[PDB]
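Student: This is the structure I want to talk about, given as structure tokens.
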Amino acid sequence: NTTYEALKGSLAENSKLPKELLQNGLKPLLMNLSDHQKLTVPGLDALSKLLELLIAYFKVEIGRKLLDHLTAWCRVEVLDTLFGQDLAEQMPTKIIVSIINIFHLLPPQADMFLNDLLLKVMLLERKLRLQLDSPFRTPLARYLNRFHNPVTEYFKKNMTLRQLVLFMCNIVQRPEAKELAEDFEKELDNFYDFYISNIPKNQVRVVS
């Protein structure tokens, strides 16, 4: 935290001349991010604190390796070790929370890792069979309120799913999603017209 304060106070007088130590400063962390499968929590913390810049990761392929490591940390054999104990002092839970957390500071490109990340977190919640507040809903709320323009259309394109509605109604109430809440308050009538027009097409899931 102290060196992050030093960087954010010292990079106001930025220059182009740093071009060699960037291939040596953030290089061991990005090499740690590779196919190693053993990531640390303060390593991902320092990766986020370095990821608050806009240089040297202009290629958005860090997200593909992050989703590969996330899928390799939400396996079945490692979640079998999670069986029997709690869900806040375990190391894979902290690692998955940090991996989801450093999706918040990704470059603002066309986020094709929205649907994959949302389905993976909802499948991870369904696989740990918890239907209430979960450890990795706060970093996902910090991910969702940042962009928050395509997630409203992704929500409006999927309203027949009960679990997505419960997930979003739990996300919006969090104080880390203050701008996703006002994005939903101006779209209640669209939800009204959707549900009213889609009741008589089915008439078998009307209580949902």
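Numbered per the authors' numbering, the sequence shown spans residues 1457 to 1664. Cβ atoms here follow ideal geometry from the backbone N, Cα and C, with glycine treated the same way.
Specify whether the region 1575-1595 and the region 1622-1629 touch according to this definition: at least 3 beta carbon pairs, one from each stretch, less than 8 Å apart.
Tutor: Yes, they touch.
Student: Does DSSP put residue 1554 in a helix, a strand or coil?
Tutor: Position 98 of the sequence shown, counted from the start, is the residue given in the question as residue 1554. Reduced to three states, the DSSP call for residue 1554 is helix.
Student: Do residue 1643 and residue 1608 have their C-beta atoms closer together than 8 Å?
Tutor: Locating residue 1643 in the sequence shown gives position 187, counting from the first residue. Locating residue 1608 in the sequence shown gives position 152, counting from the first residue. Yes, Cβ-Cβ distance for residue 1643 and residue 1608 is below 8 Å.
Student: If we call anything under 8 Å between Cβ atoms a contact, is residue 1646 one with residue 1612?
Tutor: Sequence index remark: in the sequence shown, residue 1646 carries index 190 (1-based). Sequence index remark: in the sequence shown, residue 1612 carries index 156 (1-based). Yes, the pair counts as a contact, with Cβ atoms nearer than the cut-off.
Student: Measure the alpha-carbon distance for residue 1534 versus residue 1662 and round it to whole angstroms.
Tutor: Numbered from 1 along the sequence shown, position 78 holds the residue referred to as residue 1534. Numbered from 1 along the sequence shown, position 206 holds the residue referred to as residue 1662. Distance between the alpha carbons of residue 1534 and residue 1662 is about 39 Å.
Student: Should the region 1532-1550 be regarded as contacting the region 1513-1523, the criterion being three or more beta carbon pairs within less than 8 Å?
Tutor: Because the criterion of three Cβ pairs below 8 Å is not met, the region 1532-1550 and the region 1513-1523 do not touch.
Student: Whose C-alpha, out of 1564, 1570, 1565 and 1528, is nearest the C-alpha of residue 1551?
Tutor: As a first step, residue 1551 is located in the sequence shown; it is residue number 95 there, counting from the start. Measuring from the Cα of residue 1551, the nearest candidate turns out to be 1528.
Student: With a threshold of 8 Å on Cβ separation, who are the neighbours of residue 1555 within its own chain once the five nearest residues in sequence on each side are excluded?
Tutor: Against the sequence shown, residue 1555 aligns to sequence position 99. Correct list, in chain order: 1495, 1500, 1522, 1525, 1526 and 1529.
Student: Under the assumption that residue 1560 contacts residue 1595 (Cβ atoms under 8 Å), give the Cβ distance between them as a whole number of angstroms.
Tutor: Here residue 1560 is taken as the residue at index 104 of the sequence shown, counted from 1. Here residue 1595 is taken as the residue at index 139 of the sequence shown, counted from 1. Right, the Cβ-Cβ distance comes to about 7 Å (below 8 Å), so this counts as a contact.
Student: Ordered along the chain, which non-local residues of its own chain (more than five positions away) have a Cβ less than 8 Å from that of residue 1538?
Tutor: Taking the first residue of the sequence shown as position 1, residue 1538 is located at position 82. These residues qualify, in order along the chain: 1546, 1548, 1549 and 1584.
Student: With distance defined between alpha-carbon atoms, name the residue in 1510, 1593 and 1582 nearest to residue 1564.
Tutor: In the sequence shown, the residue the question calls residue 1564 occupies position 108. When only C-alpha atoms are compared, the closest one is 1510.
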